[PDB]
Amino acid sequence: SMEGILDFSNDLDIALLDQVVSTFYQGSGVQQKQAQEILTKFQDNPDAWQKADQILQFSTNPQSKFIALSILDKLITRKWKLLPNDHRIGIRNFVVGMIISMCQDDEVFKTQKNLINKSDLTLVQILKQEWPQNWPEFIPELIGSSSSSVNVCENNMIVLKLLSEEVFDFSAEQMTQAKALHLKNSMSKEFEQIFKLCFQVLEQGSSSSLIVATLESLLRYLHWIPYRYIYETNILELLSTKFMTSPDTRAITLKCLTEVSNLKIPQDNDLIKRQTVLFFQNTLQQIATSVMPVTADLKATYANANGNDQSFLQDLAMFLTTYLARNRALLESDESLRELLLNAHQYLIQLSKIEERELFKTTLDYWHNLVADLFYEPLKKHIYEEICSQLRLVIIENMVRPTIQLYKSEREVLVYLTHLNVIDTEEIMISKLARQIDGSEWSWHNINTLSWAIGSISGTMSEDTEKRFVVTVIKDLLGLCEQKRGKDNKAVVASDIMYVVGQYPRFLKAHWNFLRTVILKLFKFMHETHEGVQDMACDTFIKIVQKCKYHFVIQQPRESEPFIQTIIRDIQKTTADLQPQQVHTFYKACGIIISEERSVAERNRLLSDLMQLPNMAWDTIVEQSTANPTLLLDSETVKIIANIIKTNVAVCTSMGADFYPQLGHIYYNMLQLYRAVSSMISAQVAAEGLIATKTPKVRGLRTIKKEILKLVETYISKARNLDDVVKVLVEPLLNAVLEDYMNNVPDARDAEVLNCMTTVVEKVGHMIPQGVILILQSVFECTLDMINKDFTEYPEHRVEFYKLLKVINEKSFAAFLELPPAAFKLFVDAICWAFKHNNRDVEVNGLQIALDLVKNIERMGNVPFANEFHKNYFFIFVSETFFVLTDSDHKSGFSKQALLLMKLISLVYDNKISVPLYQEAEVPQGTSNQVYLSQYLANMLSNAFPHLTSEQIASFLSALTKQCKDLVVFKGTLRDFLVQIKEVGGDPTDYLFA
Amino acid sequence: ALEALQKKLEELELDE
Amino acid sequence: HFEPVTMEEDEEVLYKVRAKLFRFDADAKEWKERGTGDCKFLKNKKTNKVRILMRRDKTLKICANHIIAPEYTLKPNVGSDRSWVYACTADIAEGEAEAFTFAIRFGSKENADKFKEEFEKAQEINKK
Amino acid sequence: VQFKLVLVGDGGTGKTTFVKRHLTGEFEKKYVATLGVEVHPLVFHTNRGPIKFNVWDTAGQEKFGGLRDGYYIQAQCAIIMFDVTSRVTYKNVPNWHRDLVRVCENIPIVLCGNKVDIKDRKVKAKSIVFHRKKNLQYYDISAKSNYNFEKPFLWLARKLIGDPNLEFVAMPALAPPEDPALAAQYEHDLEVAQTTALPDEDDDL
Ligand SMILES: Nc1nc2c(ncn2[C@@H]2O[C@H](COP(=O)(O)OP(=O)(O)NP(=O)(O)O)[C@@H](O)[C@H]2O)c(=O)[nH]1
Ligand SMILES: [Mg+2]
């Protein structure tokens, strides 16, 4: 029954409209749901705009008037120029003729602010179409009307505010360059009259509503107006004094002054410098006398969250940091300005204690700016010694676990502050440690934060000072753990001890007996059943090793063997209690040390001894699983194999090229294992169906294949002897994986195969051209069929597929030349298929492959394959690129679509395409490719966007082809085209902008 | 005080 | 003299494990998560009936609340060695006791096995 | 005691998935674009009593926008969503904000960077500064891993009730209650459920 108003044959039953509108806004359930759908079909009716006359005049529901203003807004925005001219006067008179009335009835002027604001915006949409060419007297008549009614004078401030935003703040993407410039110039030419009305309103008071709405409009003006309007009038003193006193105007005034601190002014006028000092002195005085003194506990205020205190403290931090980053030098030399400078920073100190992550980052950025300057600029740091001293404590007490981005910022500021005063930093940290020991501030969170702070300043003190500092800290931490009761407490303190120790490798390097003691403590902690201790001991072990590895590989004075040998000997008992992933980290740590041994025979010996346990377990399994493949039907056997390979991956990760001898020990049997596993998976899918791929049994089997491919990829990516990779590794690898991939059902194909192949082609692809051909033959057509029915299925295969085609196109392009013409056509189809993905990982590769393929064809010169390529696929690539540029669903790829299009267009306007791109029947002989390209593009655009005039398409194409050697201008012309297709009657001269 | 620090750490254990 | 300025207390915790709870959408042939958090075995002290109470992390909303009936049987899922599937006839996590086919997954096979033992050691108590 | 929450942001940023996770606990893997808006009541239990959000989950794709800014009328709070793996969704955040505050001039607003669970993050933390001058609360969230998924509602609850110490609390759990004519059908639904593999078997839970 609610679907009656959708019938435009009758007249609009406004009373029925206000019912369905209220059913939508105030109702619920199914009665609200379809009423919403009826309002969608009504609003989206192409003729609903002419019924907005009745709704805005007859309805009593303000939401209904709002909805119809939207219907109007779509009309003004997209079809205004198509209207009969008298309709444009009707709408324009109507809209001016309602705002006139809503401002006179004080009831509706304070009851329906949404509706008047929505009407103001509708008016601004008309001004963007008609003003000032067909409305030269808008601004003068706006000023005159303001003097009659306070309600209209305030609303005119709302109109000007929105106008400034539409023209200067939100135009770049929503209008053409030409139309934006026209509007900016028009506002600029008449701002003198706008400013006078704005200034006199602010000086003569007195309506708070009128004043605030004027200040809100001033905020927008400050984005673009010239500085003389601010510094050559008295407006700075009004903002920094009068309007800072009342809380109604306080927030907006503070935002205006923040924008003032960013104005473009001249830095050589000492008068302007004093005005910049003056408004800051006034603003800080008003804050100290009307809001809170510099000693106030801003942390407590912010946490109480009264009124708008949080937003005010946020704006104050923004104002102080913005001003001081630009102007603090104005306050640093004059002795009379020293208290102002230090009070402003003292407010920032108090602001920095607030418990508000995002606000802290804002102040932390300023502090970074300050302390970096005190570190490099002469004679500056003595001014801020007491500011800096407090900042040290604020940063130490708010240190986060090492967001990682925030920790880096805190560490950088704290390191600067330690250079500025090493002695003060040590005293603060030792004192905080004492308050941890006496228990006044003892807490798990508190001791961890301090350890992070202590660890963050590593390498900033002299080695001797560092030595006695570290010793004091470890000793006190050791005493703190000694006095604490319970495993929970003593695990936290022991972890912190390890964290700090791990953070100071310069100290560990110079004290081997201490370093040995640490490592043996870690090995002891690897038997600790308490949660997290084993993880901590492993993470500390590998961290210390990465920094002190040289001291494990050499034979230390006082001993018989490098400590690495001592670690390898006891490796079974050291790791016996660890989880497999922890054992893999341990082995990786050992691999780091071993790679430091540059005697080949000694390094290979360490490698083979480190690999003794996994090699023995490997040899037995390869024995018993070969005789005979039933043991792979054991879950326990599958885990042991996966864990053996992961160990090799871990060690290969840290050893790279050095890993080759160990790879050769297992390589040939590993690939055989890969085959055996591959058969068992295929068998299980045959016996149980596709669901077998979801079973634990098969997932454990595919894990083995995956780890094998990752091991091979890991070595080849880091190998140095490429010759051995080609002649020893690549061929057995391809025989083991290509055919097995091609001949499995889609659900049993591991996308890791494509990723492994990508690595091989990346590293040695230039050396195995028949290998690359075999890769394409085995994976191309079958993978393409998995992914060319939708954009959803097989996400990994999709990403790896185009990664693989990208590298093959880069490094062995000849493989695509050897494809049969039908297969080369699927290659082109597949590239364009990647254009249409909203997946960024597919789309960017698809566009890059296209660009790189065009370049590969260009480099071939004037030969039959390059000639046939343009005849077959040039306009396909121009058409498909244009399609994604203009469909509004691939905006993330605009830049690379533009680049590719310009390459395609420039090929023709330079005459590198030797063939004619046309059939010699459809166009006269001798016709250039440039003339045919314009004709083709004009027809394609005329059918794809029929609402455009021929003139628009021709002017657009003319500017586009002329600009195909200037990416920034070319992209500007594309953006202008993307705006004009959104509406009717776009000005074709707009394309002469550049 | 480096030799004392070494022994103090060797004595560190989690259990009472 | 100076003047100076959940309805779970009546229960005991038999078992507590972290788990993710799934409900089967039969009309879509799809498993749907209902919650992640602590699964607790709660015996009432005044009836000794053991229940399943599970609340989502952070929001603390109940995603499972039902009696560990002795007729329920734990069946494995085809794609998991750390999950159990079973039908539940009266669960009052979201109002009225509705029937549900549940799946519950744990961090490891050990916890899944231990859960089954405790789930059976709870059907014994609700038999008497 | 109910509040109207409008949820805006580009298509595909996960607005609907975020709401569904709060409504049912599920994670919807598919992208089915919202058409216009989808209203849902959402209730939380606090130490100050229950609070109900009428979540107006609006549509991000422009062709599916429906009333667009008409959904914002009389909204009392809002969430602006973007995708940290999609730079363009963060570039549009000022556009959503402008449209929202022109209708709702003084409401608490949360800016949410969704999908932080994806390793290849394109919108880096130090690049996200738009909330600062607009006085929005910002949160990294992931509807997939539920990282910070309750924070946007907890913060809004605190603003709308006026109590900074409001907390989510466990609602009370009443005792659960205790035929052969359904034995064959419940067994039918069970055997299909067992032979439908559970999703995300590589996740830690
Ligand atoms: N990896 C990941 N994906 C997510 C996450 N949240 C949502 N998604 C995915 O993003 C896609 C978009 O889903 P949706 O919730 O409908 O986004 P939307 O913003 O509501 N779309 P629209 O605005 O057009 O209605 C879904 O496929 C979803 O699985 C997340 O946190 N992590
Ligand atoms: Mg949606």
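Residue positions begin at 1 at the first shown residue.
Per the header of the entry, the method used was X-ray crystallography, 2.5 Å.
Including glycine, each Cβ sits where the backbone N, Cα and C put it.
Lifted from Swiss-Prot, the feature list:
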BINDING   D:10-17, D:28-34, D:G60, D:114-117, D:142-144  GTP binding site
CROSSLNK  D:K63  SUMO2 cross-link
CROSSLNK  D:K63  ubiquitin cross-link
CROSSLNK  D:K144  SUMO2 cross-link
MOD_RES   D:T16  phosphothreonine
MOD_RES   D:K29  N6-acetyllysine
MOD_RES   D:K52  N6-acetyllysine
MOD_RES   D:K63  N6-acetyllysine
MOD_RES   D:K91  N6-acetyllysine
MOD_RES   D:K126  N6-acetyllysine
MOD_RES   D:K151  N6-succinyllysine
MOD_RES   D:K151  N6-acetyllysine
REGION    D:29-37  region 'Switch-I'
REGION    D:60-76  region 'Switch-II'
REGION    D:200-205  region 'Interaction with RANBP1'
SITE      D:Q61  site 'Essential for GTP hydrolysis'
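Swiss-Prot feature annotations superimposed on the structure.
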{"residue": "D:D10", "record": "GTP binding site", "contacts (Cβ under 8 Å, 6+ apart)": "D:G60, D:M81, D:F82, D:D83, D:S86, D:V88, D:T89, D:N92, D:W96"}
{"residue": "D:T13", "record": "GTP binding site", "contacts (Cβ under 8 Å, 6+ apart)": "D:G60, D:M81, D:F82, D:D83, D:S86, D:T89, D:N114, D:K115"}
{"residue": "D:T16", "record": "GTP binding site", "contacts (Cβ under 8 Å, 6+ apart)": "D:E28, D:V32, D:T34, D:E38, D:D57"}
{"residue": "D:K29", "record": "GTP binding site", "contacts (Cβ under 8 Å, 6+ apart)": "D:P199"}
{"residue": "D:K52", "record": "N6-acetyllysine", "contacts (Cβ under 8 Å, 6+ apart)": "D:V1, D:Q2, D:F3, D:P41, D:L42, D:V43"}
{"residue": "D:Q61", "record": "site 'Essential for GTP hydrolysis'", "contacts (Cβ under 8 Å, 6+ apart)": "D:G11, D:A33"}
{"residue": "D:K63", "record": "SUMO2 cross-link", "contacts (Cβ under 8 Å, 6+ apart)": "none"}
{"residue": "D:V116", "record": "GTP binding site", "contacts (Cβ under 8 Å, 6+ apart)": "D:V84, D:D140, D:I141, D:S142, D:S145, D:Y147"}
{"residue": "D:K126", "record": "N6-acetyllysine", "contacts (Cβ under 8 Å, 6+ apart)": "none"}
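The region 'Switch-II' (D:60-76) is in contact with the region 'Switch-I' (D:29-37), judged by 3+ CB-CB distances under 8 Å for residue pairs 6 or more apart in sequence. Cα spacing between D:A143 (GTP binding site) and D:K91 (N6-acetyllysine): 21 Å, rounded to the nearest whole number. In this entry, nothing among the recorded positions D:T13, D:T16, D:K29, D:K63, D:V116 has a C-beta under 8 A from a C-beta of chain C. Of all Cβ atoms in the protein chains displayed, 8 besides its own lie within 10 Å of the Cβ of D:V32 (GTP binding site).
In terms of local Cβ density within 10 Å, D:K144 ranks first among the recorded positions D:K144, D:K151. Selection of the recorded positions D:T16, D:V32, D:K52, D:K91, D:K126, D:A143 by a Cβ distance under 6 Å from ligand 2 yields, in sequence order, D:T16.
Less than 8 angstroms from a Cβ of chain A: among the recorded positions D:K29, D:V32, D:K91, D:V116, D:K126, that describes D:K126. Among the recorded positions D:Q61, D:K91, D:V116, D:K126, the residues whose Cβ sits under 6 Å from any atom of ligand 1 are D:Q61. Residues of the region 'Switch-I' (D:29-37) grouped by DSSP class, helix first, strand second and coil last, total 0 helix, 1 strand, 8 coil. By a simple count of nearby Cβ atoms, those within 10 Å, the most crowded of the recorded positions D:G60, D:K91 is D:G60. In three-state terms derived from DSSP, D:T16 (GTP binding site) belongs to a helical segment. DSSP labels the residues of the region 'Switch-II' (D:60-76) in these numbers: 8 helix, 0 strand, 9 coil. Of the recorded residues, the residue listed as 'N6-succinyllysine' and D:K91 (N6-acetyllysine) place their C-alpha atoms 23 Å from one another.
When Cβ atoms from all protein chains are considered, those within 10 Å of D:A143 (GTP binding site) total 24, not counting its own. Here the CA atom of D:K91 (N6-acetyllysine) lies 23 Å from the CA atom of D:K144 (SUMO2 cross-link).
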